[PDB]
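Only one structure is covered here, and it is reproduced in the block below.
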């Protein structure tokens, strides 16, 4: 339970939101980057490094 | 709340994936505990081959879905011993987790396993004491097919069954291109019968009905049709004029064309066929679709369902003159064997058990890979774990003259290969540790690499006299397509699952 | 539907042991009847001492127990009676095996012990399967012994005399090679089990009425297609014209009897009687098969190609009325093998029970006409198997010496439960029988009509070898089949 | 309440099960949290002694092991394991609805056959036949199992082989004697002739004395009668100078005015030794025990000839030599820990007790569990003969006799399901001389390898185990 | 095994004790509003058992016993339940003592045959047909009702109907097959007649001639329908042959004989009666000899049934009934033409005539008679106790267990008549052990005396059949040891 909609909480929520989406693509940088596997939900397995 | 990520992701998938391996590691070896298969519908059967086990099972975690996806891409490669790829998957993943305990990055573990595989396959070529002259090897092919049948009493009819196998690989032996194609499907399994009635017929006996149910079946002539002709009182009088028309135009177009045993796939009235019977020529109503190639290869022709294209050189074709009661209590089936040889060849199985049907199709296909690997690349390795111990010793030896941290992968690699003689010895009801390390000591004191694990409970651990024989393509494909997927699992960290609403 | 290692083999063993316990009490000639509810709305509270209908009626969803039920079906279609004992022996072997896994013995060693133990029991059966003189020097009472022991928990104790007389005329006349196609069983209602006697045909009368003569001699007899007769009305009318053209094609034979299978309304029957044709509609098709070989008339769809003499030919066929019921005796068949038996009793389950039990009795009698060797029943053969397997376990070294001994216990638990369902003492007498069988050699066994040890060759409780070898082999194979199989998608 | 009796006895038999055989693994005798710190022990006999047993039925098994304890020494663990295994066998027969009295009768008539089948293989050794040595050294070594003292094990067998010439009257276990100090090892024991107490007058008291007639002393207007009691104890020290003695046991405490006045009169007063050594002082030297010593005036004293007291190598290494019955062959090691104090004494008592059983009756049977397999096969053959429900009660009596060489193979680290069963199958035709070797872990000729065991402990195990079984099986309530 | 057998014992004992107070004529009425509103005010336990919501197997087998005892003898319906429930209650002592249920069941079989052979010669049998003692049993049965004033109206009519045809069925015993019964609403109670042959009650109203001496009879079940082809051909066949009295059935459709064919069948004025009763159709055909044929092309010349006098005659002044004599084999079920203006004098007359039938078939299947009302149960409880004293083995108590379970029938008869049950039962035992068999409890006056003077007597086969059925079901429920649902 954490409420964050005032101005400094606004920017803090925004930069935590950019940090998590950066972690979602963090390992894929470089030619030998780590693969991430996602699906569509129905069984369409997609392994990507892009 | 909770969010599983990072290296703890890699910990969670491995204990997932090796759990699947923990299901399959009790199925390794011919003395492995073979295993049921129960559908969601409610059907029940038994299978020993692990590929059917993994394919017809339904898994929940996506790593196991990846595993069965890639191991089904190994079934076309080998099809035999696809269990061992999953066993080595779990083994290398366990040892990779053991290296991850010491802090090594899994990319380094992955390409260290790759370097250890580059030790492994080449040392397998070094210990390759294969016999390459296995072309006219009809006498050792009994021993080749013997270990494939070794789990059952099929060895007691291997004087029939293994000789069926050697005649089968003799007949398919395209001596330059060396392959079973989609046409050369070698199965006619009569559900119901006995051990010897699985026997030598290179022909077509399908469950279709007769021309006439009391017709003299002796159609020696290769003048035989296959029709694409369907059924497509002034209504019935016009249709009966179309019926005697269809006689005097389809059958007279046949008399112009030569398509005589009119095996129609659709509706017809047999009194026209009965008047053909008074003129002494047969014609069957309501026959099956895709068997035109199997019928038509029986002298060398191909699929000819056409009205006009079925000519005197591309007839419905017939194999070899024999007249046995096909249906003893069943309706007696089609004698499509009269004339010449079948290249897209197919054998008579009368196996009453679904197990002996399943093994005599797929172990015959595994022969059709490994006796293909007596022509495509005639390189055999003495199996029964001896290949794995001989390989693991040299992997540990090559883990000495290398200066990197990658060394700890190779020592993690070789011990993982030790799960293969362990599960051979565990499923055979012996001490899994002591038997394998005693065979390893016997190998480090005696340089024969054909000392393995006595799975058959015969005399000694020497695989020469018992002929537990795999091929080098079947070993190399196994190790390489275990490494190529251990690297695949180790390169995947974050399964951000879609629709699983990340709060 | 995934599982785990400790759970799956455990619940498989529990399901198979539960099936063997649900055929435990209905074993031997002292059966405690179980009640088969099918809850529904008004499921009959049916009692039965036969266990084959129980396993037929058990709705089981544990698939290892479904494999056990299926192996009981294989034994049911193989021999008939004994599937209760087969399932009991298989569940007993599994109860033995899970105690060995409790001692941490690998299952493959258990199967390796059970295989050679089964081979030793199979040769120990031949060690005492002596061929009685019931077919050699033609004893009749020993046919009554073998057709009394498999006739336990049944209704025909009056005309077990008649069934054994059919066995005498089977070894004399009705052997095709021991013909299992002559097994022809009919009955109606009114009376009791003392009304079984001889016939040679099925029960359908002249459907013209009593106006059709009885002795319709020379039956050229098969199956027809449609009933005969004289713009939809006009299209069926021209079909009626073609069908009258067809009765003009069948009248030139001179037939007496005929089997027109389809339901015959008025003027088809009228033109049957005008042409002297019989119309018999959908009997027991095995009896029509006996009309197809013992009489001659095969099944047929149309009749356009058989036209003059291309039928089944017989000598004599009649349709009579005896005892104010549709009792029809097809006297005068070409080959006098399918001697039908007619009874007139009380209940309707005997319509299947007498047929299946005469199939069972004639199946084990056919086992005797292939090979009349037989052992002494009452669990004496089971004691012999347990003693032989016990001595072979005393000789054999290795871990497998454990796996044989429990196997011998699985044999020794077989006559105990039949004693346990006898009401008489079980443990003391089976122990005394075992201690006697160890030195006071194999002619001694258990009698439950008096509940004692006694010479079974004197008391004449026989059992055919070909059913006992089948029982031991099928039970051991089913137990090993489920023993090889541990942790899969195996159960829910 | 019959099930919980079996449970309480099975727990006690389990708490000596992993200590069975000389590959046994030690348990922890942790206790009351004051000073409980640690106790490791391979000896299962002292395990049950330090068990605070709760169930009173298990107390019966404990005291049956106590009856086994003072009889021969080691053998409590085998009796307890065999009895708990018999009870685990019997509770399986009870659940099959057999009356306990039939099981008791089956135990009895099975134990009779198992007793006589030991006598069928009663092999006698050549130490009491042809005066051999090593054959009795084997049983003297395997009674020293789960111990350390193998260097001067030959000294233990020396005290054994000198017993049959010197320390047996009827196999006397009173002429044996063990003491030790700390600092050193297995290589310190030697032949001594008594206890370790010294001359006490000091630098003036000489070593060799002439003749030690030896017994017990007493002790050493209110103040004047206190001086009168001093005069009476001074009358005593005048009455002891006219004796002529040279040693005396001083069982009650004494300060310097009695003490120096004793030794100036030539009286060496030995201050309150443990009474077990004073037993050897009573007859093996020959000086009895009293409380008063007024009435021995010249005749009613002790009788000995020579007692000497030397001081060798950091001990009070007194060699009480020259006694009138020169039989008190005393072992003085200088061991490592405090545990060897009771261990060497009790292990020599256990060894030389069954060695005295051999100098009574030197028959032996091969150890390593093959005698257990022979009794098992013997009761199994009788199980195949008699009818009735009691034929079942013999079979389980076989099974505990299978479990006794199993557990010995089990605590050896080796597999035990195979070669115990292989030994059971091989014993039926490849007759009695075969057996289980625990050290190399195989099947071998036990008569060739010489792993034997005294008959007078095997009969005492096999009888008393069934005796403990029949008592607690017949009890059902409370 | 035992935990389900005990539940069977408890359920059958509880369902037997739910009607145990209703034994005897002083058995009080019940009221169970189980289900959805059952006002079950009745003193007879058979209809109580037929409305009992029963889910247990062993509780349902006694409901099967009720109908079995009603089929065999028609009387003693609650007795076969009370004896069985007391026996199954007494099996619990034999189960807890240690006897296996097989020995219990076979010892009950031995006690059953011993009790049957003890009861069968301690009777006072009849020697001939003995119509005086048939009327005596009628005074025991047909009276104590509202047909007590119709007792001489009804008893010698059925006695003479059995005198006419002492019919050879189950060793020349009374079947349900003497001379065919009918019943007509209205009339007086004295308007019953004893007929010879077939009677019809339904309303045939023909103005013309239905009175033919050679009344040819057919059964054409083909009525008329609605699309002329399959309509008039049966009437043309009637004009061919001349079947002047034909019973009509509406098995095809509803417009049975429309005016096209009805005037065709009233140009000779055939007997016309529709919607004929299905169970009595085959009895009508057994009477007549015609064939029950609906296919109009299957009407042959040998389907011509025989009849001598066929009239739509106003029997007893106004009842337009169709009586028929002179048939092939008439006589289908014992004639009492139940006429009554009131409804209760219809239903009670027919029910008491069926009671008279089920007792005279009891009187001549077994031709003995005992003093009913607790006397043979006390006799069995004495003689079987002596026999169980003579008997050895584990059966020696079970027959004794068979004996004490016999004692519930006098005690309930002692309890429902208001007497102190246990003392009157053992006083009856003391009187019987030194006196006679016929001593018992006269419930009709409420006192223990010699019943053969006080005349509460019953035929033997009621008691024999009740003991046989109760021992059979007790035997079966003891042998029942397993149940399984989910087929």
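Residue numbers (the authors' numbering), protein chains in the order written: chain H, 12 to 61; chain E, 25 to 256, 271 to 541; chain B, 17 to 246, 263 to 524; chain b, 24 to 243, 263 to 520; chain D, 30 to 256, 280 to 539.
Just so you know, even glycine gets a beta-carbon here, dropped at the ideal spot from N, CA and C.
*Closest Cβ-Cβ distance between residue 470/B and chain b: below 8 Å?*
yes
_Complete beta strand (DSSP E) runs within the stretch 92–155 of chain B (minimum length 3 residues, chain order)_ = none
*Among residues of its own chain, excluding the 5 on either side of residue 183/B, which ones have a beta-carbon nearer than 7 Å to its beta-carbon?*
159, 163 and 397
*Who are the near neighbours of residue 467/b in its chain, counting only those whose CB is closer than 6 Å to its CB and skipping five residues on each side?*
none
*Opposite residue 329/D in the DSSP bridges: which residues?*
DSSP lists no partner for residue 329/D.
_Less than 6 Å between C-beta atoms, sequence neighbours within five positions excluded: which residues of the same chain meet that for residue 469/D?_
55, 495 and 498
_Mapping the DSSP letters down to three states, classify residue 406/B as helix, strand or coil._
strand
_Which listed residue (356/D, 357/D, 329/D and 389/D) has its alpha carbon closest to that of residue 371/D_ = 389/D
*Just the C-alpha distance for residue 489/B and residue 156/B, rounded to the nearest angstrom, thanks.*
16 Å
*Going along the chain, which residues of its own chain have a beta-carbon closer than 7 Å to the beta-carbon of residue 224/b, five neighbours each way excluded?*
302 and 305
*Who are the neighbours of residue 14/H on chain E, taking C-beta pairs under 9 Å?*
By Cβ distance, chain E contributes nothing, its closest Cβ being about 16 Å from residue 14/H, past 9 Å.
*Among 113/D, 316/D and 401/D, which has the Cα closest to the Cα of residue 393/D?*
401/D
*Give the residues from the stretch 112–137 of chain B that approach chain b closer than 9 Å (Cβ to any Cβ), ordered along the chain.*
119, 120 and 121
*asked:* Counting only beta-carbon separations shorter than 8 Å, does residue 302/B have a partner in chain D?
replied: yes
*Could you please tell me which residues of the stretch 306–340 of chain B, in chain order, have their CB closer than 7 Å to any CB of chain E?*
336 and 337
*Sort out for me which residues DSSP pairs residue 508/E with in a bridge.*
419/E
*Terminal residues of the continuous beta strand (DSSP E) containing residue 331/E?*
Note, residue 331/E: premise wrong, no beta strand (DSSP E); alpha helix (DSSP H) at 330–334.
*Return helix, strand or coil for residue 213/B, following the three-state DSSP convention.*
strand
*If we call anything under 8 Å between Cβ atoms a contact, is residue 519/E one with residue 504/E?*
no
_Tell me which residues of the stretch 56–79 of chain B have at least one Cβ-Cβ distance to chain D shorter than 7 Å, keeping chain order._
61, 63, 73, 74 and 75
*Please compile the residues from chain H whose C-beta is within a distance smaller than 7 Å of the C-beta of residue 96/E.*
Under the 7 Å cutoff, chain H gives no residues; its nearest Cβ is about 13 Å from residue 96/E.
*Give the secondary structure of residue 54/E by DSSP, where H, G and I count as helix, E and B as strand, and everything else as coil.*
coil
*asked:* Using a Cβ-Cβ distance cut-off of 8 Å, determine whether residue 309/E contacts chain B.
replied: yes
*Since residue 419/b is in the alpha helix (DSSP H), which residue starts that stretch and which ends it?*
412–425
*asked:* Can you confirm whether residue 274/D, when its beta carbon is compared against all beta carbons of chain B, has any partner nearer than 8 Å?
replied: Here residue 274/D is not present, the numbering of chain D passing from 256 to 280 in one jump.
*If we count the other Cβ atoms within 10 Å of its Cβ and call it buried at 16 or more, is residue 295/D buried or exposed?*
buried
_In the DSSP output, which residue or residues are listed as bridge partners for residue 60/E?_
70/E
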